[PDB]
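S.K.: Input: one structure, supplied below.
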Amino acid sequence: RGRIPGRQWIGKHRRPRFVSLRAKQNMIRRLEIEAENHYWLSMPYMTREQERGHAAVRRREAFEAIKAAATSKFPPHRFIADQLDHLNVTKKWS
Amino acid sequence: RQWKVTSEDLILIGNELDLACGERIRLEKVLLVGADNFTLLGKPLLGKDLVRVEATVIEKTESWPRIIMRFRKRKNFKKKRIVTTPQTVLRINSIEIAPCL
Amino acid sequence: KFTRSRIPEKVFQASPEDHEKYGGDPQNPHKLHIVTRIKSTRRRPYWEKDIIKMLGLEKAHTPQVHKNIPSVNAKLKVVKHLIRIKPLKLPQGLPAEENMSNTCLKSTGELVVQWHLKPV
Amino acid sequence: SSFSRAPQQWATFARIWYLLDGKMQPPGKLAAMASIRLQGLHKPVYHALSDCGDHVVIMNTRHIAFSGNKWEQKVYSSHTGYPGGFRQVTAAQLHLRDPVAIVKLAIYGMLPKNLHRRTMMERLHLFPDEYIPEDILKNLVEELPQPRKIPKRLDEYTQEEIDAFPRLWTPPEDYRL
Amino acid sequence: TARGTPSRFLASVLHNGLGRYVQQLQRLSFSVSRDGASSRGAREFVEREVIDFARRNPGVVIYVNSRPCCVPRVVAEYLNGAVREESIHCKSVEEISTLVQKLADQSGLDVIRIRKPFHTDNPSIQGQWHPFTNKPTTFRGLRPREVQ
Amino acid sequence: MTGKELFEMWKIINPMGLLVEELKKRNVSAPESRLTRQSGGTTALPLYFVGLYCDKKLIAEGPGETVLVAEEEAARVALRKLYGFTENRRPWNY
Amino acid sequence: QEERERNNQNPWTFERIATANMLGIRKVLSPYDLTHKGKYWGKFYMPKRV
Amino acid sequence: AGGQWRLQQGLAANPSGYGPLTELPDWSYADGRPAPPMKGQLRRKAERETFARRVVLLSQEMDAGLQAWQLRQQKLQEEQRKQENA
Amino acid sequence: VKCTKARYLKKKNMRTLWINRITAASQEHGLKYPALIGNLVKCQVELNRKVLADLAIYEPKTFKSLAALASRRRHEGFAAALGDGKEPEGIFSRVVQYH
Amino acid sequence: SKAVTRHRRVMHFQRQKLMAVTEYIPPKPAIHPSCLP
RNA sequence: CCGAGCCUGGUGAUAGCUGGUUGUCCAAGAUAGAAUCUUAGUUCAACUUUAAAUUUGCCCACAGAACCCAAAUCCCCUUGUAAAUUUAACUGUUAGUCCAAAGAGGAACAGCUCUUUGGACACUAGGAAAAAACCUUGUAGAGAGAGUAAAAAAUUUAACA
Ligand SMILES: [Mg+2]
Ligand SMILES: [Mg+2]
Ligand SMILES: [Mg+2]
Ligand SMILES: [Mg+2]
Ligand SMILES: [Mg+2]
Ligand SMILES: [Mg+2]
Ligand SMILES: [Mg+2]
Ligand SMILES: [Mg+2]
Ligand SMILES: [Mg+2]
Ligand SMILES: [Mg+2]
Ligand SMILES: [Mg+2]
Ligand SMILES: [Mg+2]
Ligand SMILES: [Mg+2]
Ligand SMILES: [Mg+2]
Ligand SMILES: [Zn+2]
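Protein chains in written order, with PDB author numbering: chain o, 9 to 102; chain XS, 104 to 204; chain XZ, 35 to 154; chain XK, 2 to 178; chain b, 2 to 149; chain c, 223 to 316; chain XN, 202 to 251; chain j, 23 to 108; chain XR, 51 to 149; chain XI, 30 to 66.
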């Protein structure tokens, strides 16, 4: 008795979920901090034209640093020391 | 993590302290201290001058080999790894309280 | 169908009661937004998730700073529902070069330049 | 402390004989507290593996009282095992036939569904009336209080309380009443 | 694994921390070969650091066999009689040093699961809890519902 | 010496008599033994808390299976208190 | 209806929440909801809803 | 528990976040010598100082942009002066 | 795999066990766990649940002191709810400010 | 299914939470306007 | 054991079809479509991958994008960020399910079928009872530390001069 047609959560008939004061409190809290966000987003500090061209230097130099890091890429250096240290496997006391 | 300790008692920790064996150290943080008829607890922690908790280091050892194995179903996913976490053993030599209060 | 939601500009018009409530002066407004991610990036559109990755909020409960300017406030409006926002306000003036290390944050959005780590 | 190990251990993990009078109380509340005491949660040394339970006794389960029309409308259902052996009985007639079954099965439901449930139920004791065998009303410790207070009746309200309580309105004299 | 592995309670041998501390490592025995690239690390270690190791630790004793061996070994005996044999086959010198140092710091008892990360000699102050600590008594010590 | 308590090393017989001897040495009255608390007297697990009172003054309490065992334990407690080997005593100073 | 929607003590109304998109509910909602704020659900009509 | 109260007071929601319970040293030499800083404290100080450097940079960039706008508008004014002088 | 995924279960089980022990001790002192924890936190004592349970077991007198402190702070908070300000703050409700 | 239905189309859970938060809370004084006034 | 015998050989017949496919560890990684005696497959594209050259890539601010008869979209300097394009080499995916929304067919039926934007699953974890697709939540470990996230339905009904 008391079964559900098909899957319990989908279709023309599904299991009726109900709301709790717990979830109501949770979401009112979320949306009130979101209203705080709206308030603080309002009242900007500078205007479009005021903040137009201040960070161009930083953006440009950062991108040229990225470019330099990309361009500077080659195989590593090979050394006689690293090559010959392999001979020290046949080390032995006299 | 908290501990409840007394004198002449051992304690284990799961990391390395950079201390040689036999070294003595003064533990600063104390949430409270209790005697048979009274106890003293801070807001949150007590003053430095009030207590003096001294501990000696006894042992530095890797923990016993612990397994980490991940496995998923009918998709050929299995992944093993062994860990030996370091451990340091301390012993609280003695505890003292000052008249300053 | 479901698409990027435009916001009317009137929403971001503080009222006198809002000013009295939140303590935010419309004049001499703050310069910097402290921002934190509170909501999960999942079950959100690709644009919102890559925008929070843009701001650098892939990590939660990690306060990060931005400016209070329109070009940024646009993105903040796009992803406003996912984040906590507060202003930066400091009594002790900008952090001096000598006090770069002994700085500290506070839950009230304050940034103390000196941190003696002892009670009064 | 300054106690010997074995006496200290015995005293610590010892059992206690609690008593309760179920006259005019709800079996749900009674079963809640009894299940607590039987599991041994009230002991700060609780652990499921350690049988730290306590013996509990109930009296006057015959004088039990529900809230609402439960006596009439709530139903206990059981299947004997034979075809058509499914039958139901209201709490009223189930109480008439057996006054203890109600609280014992209430506690049976409160308790966890482990194998220790049966042992704790055996440690449990129930009595429809305030009559007890010598052993069982001798080996007691403490009578914990009741959860709810019983409201007084007009025959119980003393006269000075009635006098302190103010009358409220003037009836007209011309009225049959 | 915990159920497959045996267990023990945390303990220190002879309460080493209370009185004078003594390194519970007694003896080391190195087994190395003159030849064999596998023993190159051990040979370089006995050349450089074993001297300084002995100077740092006078209480411990060290033996070196220096015989033909396909796999170099290290054996450590403790005061308990506990033995620890490790194979240093094809192993580097700094990691051999770390191994030896943690052996010296190691206590002479098997590394297994510890049931609990502490051990108290007398945990009870203010008296251990018993059921009758936190409830009052009765006048003349009377049980509930008894006349005399 | 740290771990083990007194009567683990120094066993005794007739602790009650020894205690009465010590009390007569310390010039005090003969104390009476009285069960302070009881549980399961008829049960297979009897539980008694017996206190030793001098001149209407308690010195020690002892738990026990039976009355005699609880009395022995209370005597042991009083002896520990008198001889200063209480578990809550000052540790050894190094 | 109008005096109720003027005098309701609940500070939160479907109008505000939907026009703001304060919880990303614009995905579970329709664009029709912006004008059918709370009153309508499919063909039905909830006059008590505000 | 009590995170909302800690926020009301001004403290961190989680006491492990900041404050003396975590920022002080957890051990010192028995001789009274100062112990070396812990790695957690080191990385937290590093994060905090990077945070401060960034805040200073952002603030003074905003200030310089505002001053540049002011200067450009003043130039606008004086070049209108020049125009009507022409 | 079960040894791996039993670690978090160990954590949660032991936490809940400390919760149950502390709840029992508070109930036999006349208090309950939520009130106790909130009051201690707003009285500025950070004693985690395991030391709480260990203290409740091995040192009941100190636990009685802590429960008394918690109850007094409940009463102080009730007095403050009666009068928000315009009154002398509670002696234990007073806090320390760090800098 | 479709948006318009003969039956009341079961709504999303967030939708039902929102509709459960949004209701007409009737503004009444603390005192009933009959007994006192 | 004859819709046409049995033995050998071609014969390791072919099989877009089924089954199976052996040591350990790390990383990146499900993606619009077109043609096909083609829809159980395949070629190209798209996506993904590796190594390299270069520089712009993403979010986007005003302005701008039809007469006929709505949410949004294209482009887009700034800004915040670090990816993108191109070159060389293949492979694999190319039989898809629910949810929200705009629609079509159907009965304003389907756990129904067909297109579009988005999300999730086919990757772990907590919750709704167990549950794929719902809600919280990602970068990996040891802990006998802590603060939180989503998270438990309320309802009782009709007198009358
Ligand atoms: Mg089904
Ligand atoms: Mg549809
Ligand atoms: Mg034939
Ligand atoms: Mg044939
Ligand atoms: Mg073949
Ligand atoms: Mg197959
Ligand atoms: Mg990956
Ligand atoms: Mg095919
Ligand atoms: Mg552009
Ligand atoms: Mg198909
Ligand atoms: Mg389908
Ligand atoms: Mg379908
Ligand atoms: Mg597939
Ligand atoms: Mg993480
Ligand atoms: Zn009235």
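Even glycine gets a Cβ: it sits at the ideal position worked out from N, Cα and C.
1) Which value, in whole angstroms, describes the spacing of the CA atoms of residue 140 of chain XK and residue 268 of chain c?
2) Mind checking residue 108 of chain XR: buried by the 16 CB within 10 Å criterion, or exposed?
3) Starting from residue 109 of chain j, trace the alpha helix (DSSP H) both ways and give me its first and last residue.
4) Which class does residue 129 of chain XS belong to by DSSP, given the choice of helix, strand or coil?
5) For the segment 41-57 of chain j, list every residue whose C-beta sits within 9 Å of some C-beta in chain XS, in sequence order.
6) Is residue 68 of chain b helix, strand or coil when you go by DSSP?
7) Just jot down, in chain order, the residues whose CB lies closer than 7 Å to any heavy atom of ligand 2.
8) What is the rounded straight-line gap between the Cα of residue 161 of chain XK and the Cα of residue 172 of chain XK?
9) Keeping to the same chain, check which residues put their C-beta closer than 8 Å to that of residue 14 of chain b; ignore five residues upstream and five downstream.
10) Along the chain, where does the alpha helix (DSSP H) containing residue 121 of chain XK start, and where does it finish?
11) To be precise: take each residue of the segment 101-129 of chain XZ, compare its Cβ to all Cβ atoms of chain j, and keep it if any distance is under 8 Å. Which residues remain?
12) Taking only three categories from DSSP, how would you classify residue 21 of chain XK?
13) Enumerate in chain order the residues of its own chain whose CB-to-CB distance from residue 63 of chain j is below 7 Å, with the five nearest sequence positions on each side excluded.
14) Counting Cβ pairs closer than 8 Å, one from the segment 130-147 of chain XZ and one from the segment 106-116 of chain XK, do we hit at least three?
15) Secondary structure at residue 18 of chain XZ, three-state DSSP: helix, strand or coil?
16) Going straight from the alpha carbon of residue 70 of chain XR to that of residue 31 of chain o, what length do you get?
17) Can a CB atom of chain XK be found closer than 7 Å to the CB of residue 144 of chain b?
18) Using the C-alpha atoms, what's the distance from residue 153 of chain XZ back to residue 147 of chain XR?
19) If you run the structure through DSSP and keep just helix, strand and coil, what is residue 228 of chain c?
20) Could you spell out where the beta strand (DSSP E) holding residue 79 of chain XK opens and where it closes?
21) Is there a Cβ from chain XN that is less than 7 Å from the Cβ of residue 46 of chain XZ?
22) Below 7 Å between beta carbons is the criterion; list the residues of the segment 136-159 of chain XK that meet it against any residue of chain c, in chain order.
23) Give me the chain XR residues within the contact set of residue 31 of chain j, using Cβ-Cβ distance strictly less than 7 Å, ordered along the chain.
24) Given 8 Å as the limit, is there contact between the segment 60-67 of chain o and the segment 93-102 of chain j, that is, 3 or more CB pairs closer than that?
25) For my contact list, residue 50 of chain XI and residue 35 of chain o are in at a C-beta cut-off of 8 Å; report their separation, rounded to the angstrom.
26) In the DSSP assignment, find the unbroken alpha helix (DSSP H) run with residue 40 of chain XK in it and report its ends.
27) Is any beta-carbon of chain b found at less than 7 Å from that of residue 295 of chain c?
28) Going by beta-carbon coordinates alone, are residue 8 of chain b and residue 85 of chain b separated by less than 7 Å?
29) Does residue 32 of chain j pass the burial test, meaning 16 or more other C-beta atoms within 10 Å, or should it be called exposed?
30) Beta carbon of residue 78 of chain j, beta carbon of residue 128 of chain XZ: below 7 Å?
31) Give the C-beta separation of residue 19 of chain XK and residue 143 of chain XK to the nearest angstrom, bearing in mind that I take them to be a contact with Cβ-Cβ under 8 Å.
32) Thinking just about the alpha-carbon of each residue, which of b:90, b:119, b:132, b:143 is nearest to the one in residue 107 of chain XS?
33) Using CA atoms only, rank isn't needed, just tell me which of XK:7, XK:40, XK:4, XK:23 is closest to residue 113 of chain XK.
34) Put residue 181 of chain XS into one of helix, strand or coil per three-state DSSP.
35) Helix, strand or coil for residue 88 of chain o, going by three-state DSSP, please let me know.
36) I'd like to confirm the pairing. Which residues does DSSP put opposite residue 282 of chain c in its beta bridges?
M.R.: In short:
1) 9 Å
2) buried
3) Because chain j here runs from 23 to 108, residue 109 of chain j falls outside it and cannot be looked at.
4) strand
5) 41, 42, 43, 46, 47, 48, 49, 50, 51, 52, 53, 54, 57
6) coil
7) XI:30, XI:31, XI:32
8) 23 Å
9) 25, 80, 81, 108, 109, 110
10) 117-124
11) 101, 103, 122, 128, 129
12) strand
13) 45
14) no
15) The structure shown does not extend to residue 18 of chain XZ, since chain XZ is modelled only from 35 through 154, so no value can be given for it.
16) 26 Å
17) yes
18) 6 Å
19) helix
20) 76-80
21) no
22) 136, 139, 140, 142
23) 145
24) no
25) 6 Å
26) 28-40
27) no
28) no
29) exposed
30) yes
31) 6 Å
32) b:119
33) XK:40
34) strand
35) helix
36) c:274
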